[PDB]
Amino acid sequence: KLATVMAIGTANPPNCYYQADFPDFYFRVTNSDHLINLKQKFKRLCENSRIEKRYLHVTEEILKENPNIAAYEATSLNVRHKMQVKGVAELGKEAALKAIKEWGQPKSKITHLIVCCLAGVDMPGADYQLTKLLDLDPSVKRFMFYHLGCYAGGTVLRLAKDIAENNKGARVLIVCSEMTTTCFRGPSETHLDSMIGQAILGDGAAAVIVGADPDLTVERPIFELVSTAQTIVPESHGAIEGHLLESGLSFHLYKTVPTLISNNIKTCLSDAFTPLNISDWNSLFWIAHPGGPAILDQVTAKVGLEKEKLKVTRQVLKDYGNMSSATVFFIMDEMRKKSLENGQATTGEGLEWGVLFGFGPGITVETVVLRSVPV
């Protein structure tokens, strides 16, 4: 009896930013219009991001109220955290309620709560906050993960799988609430990669309910968690880093990331699927963290995937941008929705087996083998 995803709910801040207008907005609110060459670089980052829009808690008003946030490097952790701590909770609450609704069981049946937040360190944490906000059982078993990064969607599933499978009747609520208020900052001519964060990172929360042995008279499985794995890409040291400083969470991304990830994907696939006697990567449905269009293009090319295999993944990137750990669940959600609309037999675009990838600091790759459920 495999751990099974039985519900997915998502939420995003109400402020929508169309990518086509972001360069002008970003350079204006960060008083960087005098940096003509830097603006062209940023403009191109946005144009090549393959992101059409994003939802952000940050607004021009908030930046006016907090100039130290608009600055590339200014003491601002305190003001960022004040907003971050509240934002991840409220956004996570919205997503959790939607997940709980789809799940179909009363929230009192939630036995475990896993919360994952890029930033917003607080003691007690967002897990405690959500327990109070959702009025969950005070004895709900919680796990709180701060600062894991973009591979965390796989991490929370890896955890949920073992919890669900080792505890009869366990019903795990996962909440990945990602807010970039702690990362949002002005551009730097000396650290050109920092602004990549403002070109691709969006806000969003995803909640999922995971449990083994579904009560088919009320619960409705979406995807089964077959196996999970995590690995560190060889010779990838320092390619993706984030430091929590007095100026908030930094963003470091080396130009080698796309090739490092794409060149190692087949190994992750082989390790995960050889045990299942599966070698045709195109026979799987794909849910890959859209760290960037380069990663997706290179993975598609190097793995030998058909052009549209990552269609849903690319669509989510286009509609919401990179929402860190929550992204893969938006993709998972949209995939089962599109599968239904396209009249396909399974939640995985009609295919039986699938793979979910999380990519992040390490470089770390989380590989989750999934099995679809009939539509």
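Numbers follow the displayed sequence, beginning with 1.
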> Which of the two stretches, 39-47 or 320-328, shows the higher mean Cα temperature factor in the record?
Replying inline: 39-47
> Comparing 270-278 with 212-220, which stretch shows the greater average C-alpha B-factor in the deposited entry?
Replying inline: 270-278
> Of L130, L118, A294, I174, which one's C-alpha B factor is largest in the deposited record?
Replying inline: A294
>> Looking at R336, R314, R54, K307, which one carries the largest C-alpha B-factor according to the PDB entry?
In response: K307
> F145's Cα B-factor: lowest, middle or highest third of the chain?
Replying inline: lowest
> Relative to the other modelled residues in the chain, which third contains the C-alpha temperature factor of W353: lowest, middle or highest?
Replying inline: middle
> Should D162 be placed in the lowest, middle or highest third of its chain by the C-alpha B factor in the entry?
Replying inline: lowest
>> Could you place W103 in the lowest, middle or highest third of its chain by Cα temperature factor, using the values in the record?
In response: lowest
> If you rank every modelled residue in this chain by C-alpha B factor, which third holds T180: lowest, middle or highest?
Replying inline: middle
